[PDB]
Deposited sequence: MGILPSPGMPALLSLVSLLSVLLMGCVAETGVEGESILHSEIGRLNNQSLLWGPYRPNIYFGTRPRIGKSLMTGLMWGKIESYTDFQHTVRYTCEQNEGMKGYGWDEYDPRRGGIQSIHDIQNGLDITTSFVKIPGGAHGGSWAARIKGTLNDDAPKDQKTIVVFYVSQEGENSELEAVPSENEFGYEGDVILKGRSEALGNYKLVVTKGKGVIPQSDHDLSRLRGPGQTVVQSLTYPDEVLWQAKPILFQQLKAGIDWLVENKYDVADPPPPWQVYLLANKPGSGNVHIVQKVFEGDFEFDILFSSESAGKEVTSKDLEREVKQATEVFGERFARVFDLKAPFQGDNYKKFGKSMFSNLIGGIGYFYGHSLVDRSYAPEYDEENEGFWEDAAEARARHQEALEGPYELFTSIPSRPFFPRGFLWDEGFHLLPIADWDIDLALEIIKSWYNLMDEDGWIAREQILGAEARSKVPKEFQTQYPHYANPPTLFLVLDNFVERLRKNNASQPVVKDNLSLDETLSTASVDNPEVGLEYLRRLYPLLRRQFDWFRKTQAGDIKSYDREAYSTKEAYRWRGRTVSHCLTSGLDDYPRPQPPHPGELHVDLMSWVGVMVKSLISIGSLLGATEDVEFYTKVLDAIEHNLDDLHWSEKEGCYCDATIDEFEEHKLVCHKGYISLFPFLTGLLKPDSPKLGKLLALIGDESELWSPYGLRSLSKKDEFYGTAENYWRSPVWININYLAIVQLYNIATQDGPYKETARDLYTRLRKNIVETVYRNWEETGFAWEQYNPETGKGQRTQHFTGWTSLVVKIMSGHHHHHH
């Protein structure tokens, strides 16, 4: 019942973060829309200037959400240098009826100071509908060659019932052609082309548009329009009007100078149809609500209480929550469980490559996923351990939203307990991913950081849009039922980890409190360990079936501590007893297998040339894991030595945050130098939260933790703020020597954790 209200609230959104601006509902095969625009200055330039899928290069100053809440809508701003255009896309949801409500958008384009004042810009609104028993029709024009006013599309489906979608006339100069062609094509007006293609290719908006433009050009060629006397470019690239029935509708406008137009989606089962007056008003309302929620949910503490930090927090937050996508389709999975994937022998990476080279992978599904993403331009899709970080701030904002996303993720889990770490769903998603990197492998794990979110919900539980956001904490019954239904999958994931990611104690000269607790990440190559999330952090060389990884064991610890709390809430006492013994064994086994007294930190372990357990110690993030994951007692002498490592400028401590790897480590700044020195916000965030924990409890390290917490919070926030101020972007990682953001931009993305770091009061 709370489920039905949530379903209905979240159904519609701009859930296509892979494109600048578009809408889809959370339904695999339904109605989608996308925006395209580009300046036209010549006969050949439109194909190069036209924008649709997100990218980041010299031609685009920046883009992002100024404001967003997926229940209500928001405002995105796009700063396009190539096309001399500052664009604004406002989207708003209007609840009502039985079909997930109505929505509207305003597209406003303003030429920048550099653009020719008489620039011609082509704007397209592309609309598609998949589904066997559904209809969509453009109501024809009264006029001869196109539309003087609004374009109305009428459609129906099982999912949406009856609806109307209107593209309004809009404001702005419409250029007029004196050419001969105008007698056949009109002087210049809004046009509509209504087409049909087999459902599975409808997503290919750009090629479909261009095929129509080319047919347009070929008609000119056949009909004696030539270089003797050519029509203007904008008229050459203006489609001949042919509205009708189909599963594809192209709405094209040309504008000279500034422009704007509305898109009004009117769910028939609701009240009166949506108007532009409705849009303007609900835009203003949504802004007020966003304003008030922000100040309550993300109340930035000293020294970030100022307005500059507020605007920064709003940008980082809105971009993260604005990344929410709905994805649908088949994924590519190797279901061969080839025995080479067991990696039980020396040299196992060569065996595994030989297996992969059998190419037994097949598409399977379809699946759906509702998730936030790291990067609109470079990787707009679900990543398993990233989502754990993304949901930390989102959960604060709207716990029901976060729980929905968690549910969405767990619904992917297969019978054995595997969720693919990278969710590439459907041909549209695949288009952005080289074939060689699509295949998922059922023995590949990723950190279970979604348990971190679950933990915070549990603590919240112990201690209509306003209502709906917090319904899962405000009605303990609802909360518990949610945990009840998820609990088995959580448990299945726990079991899967210990089955598939088991390390080898019993087979070597290995003494420890427990014969059981030992873990090794499957999937390592000579240079990489992708499944751990820390691609190129240095690990034992060469890789070896005897390896043990202290990060993985610490994640199993995070998991088991969570199972304790959740089981304890559902009174699964047979389960809670078992967990209690596993936790106890990991605490002991962390020390017995992973602690280096001589180095003063945790290390991964291998097996020698001589068949004996060797620690292989590389000072950095990995070394801190038991502390980052909240496993050490606040009086632990090991914790204190870890605090020395963290605070030590010659090892990890840079002015800009903690270095992934110590400056003393032989691998510092080597090779791709991905996780071999740069400052990464996700691990810094875990550190900051654990420092705070120790700083707010009686113990011997209280005052040290307090100082490190104060400084690290400051350093991390200021580095990310400084870069945002100067570049407009959140970055993937930060240079510890210069403080510059580097690798990819638009990383929102766990970089956005900074809103919560500024927020404090963990």
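- Absence of C-alpha coordinates is noted for several segments of the deposited sequence, namely 1-40, 504-516, 816-819.
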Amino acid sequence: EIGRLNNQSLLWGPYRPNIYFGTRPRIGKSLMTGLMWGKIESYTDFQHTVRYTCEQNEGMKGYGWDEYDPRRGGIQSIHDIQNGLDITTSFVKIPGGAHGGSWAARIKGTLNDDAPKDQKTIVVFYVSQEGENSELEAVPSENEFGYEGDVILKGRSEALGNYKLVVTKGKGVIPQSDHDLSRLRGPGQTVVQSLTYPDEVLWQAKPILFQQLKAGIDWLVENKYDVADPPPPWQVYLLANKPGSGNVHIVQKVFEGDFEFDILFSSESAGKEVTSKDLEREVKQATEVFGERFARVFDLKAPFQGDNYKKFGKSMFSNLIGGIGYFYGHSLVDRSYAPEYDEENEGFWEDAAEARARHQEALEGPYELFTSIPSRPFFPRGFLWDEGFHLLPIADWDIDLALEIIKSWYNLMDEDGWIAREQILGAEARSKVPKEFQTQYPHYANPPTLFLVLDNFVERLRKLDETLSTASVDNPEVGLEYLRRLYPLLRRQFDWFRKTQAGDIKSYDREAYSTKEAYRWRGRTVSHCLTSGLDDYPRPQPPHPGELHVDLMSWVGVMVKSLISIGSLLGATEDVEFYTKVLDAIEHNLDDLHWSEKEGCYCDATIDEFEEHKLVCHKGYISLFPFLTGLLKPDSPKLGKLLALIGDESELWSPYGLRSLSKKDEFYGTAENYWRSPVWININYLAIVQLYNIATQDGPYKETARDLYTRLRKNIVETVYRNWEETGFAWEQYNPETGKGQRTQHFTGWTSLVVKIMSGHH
From here on, numbers count along this sequence of modelled residues.
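- Stretches 532-540 and 499-507 differ in mean C-alpha B factor, with the higher average recorded for 499-507.
- The question of which stretch, 171-179 or 266-274, has the higher mean Cα B factor is settled in favour of 266-274.
- Each of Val576, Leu213, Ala338, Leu202 has a CA temperature factor in the record; the biggest one is found at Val576.
- The top Cα temperature factor in the record, among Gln438, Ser141, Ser660, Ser315, falls on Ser141.
- When the CA B factors of the chain's modelled residues are split into thirds, the value for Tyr701 lands in the highest one.
- In the PDB entry, a CA B factor belonging to the lowest third of its chain's modelled residues is recorded for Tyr197.
- For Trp595, the recorded CA B-factor ranks within the highest third of the chain. Only modelled residues enter the ranking.
- Ranked within its chain, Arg492 lands in the middle third, by CA B factor from the PDB record.
- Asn693 sits in the highest third of its chain by CA B factor, as recorded in the PDB entry.
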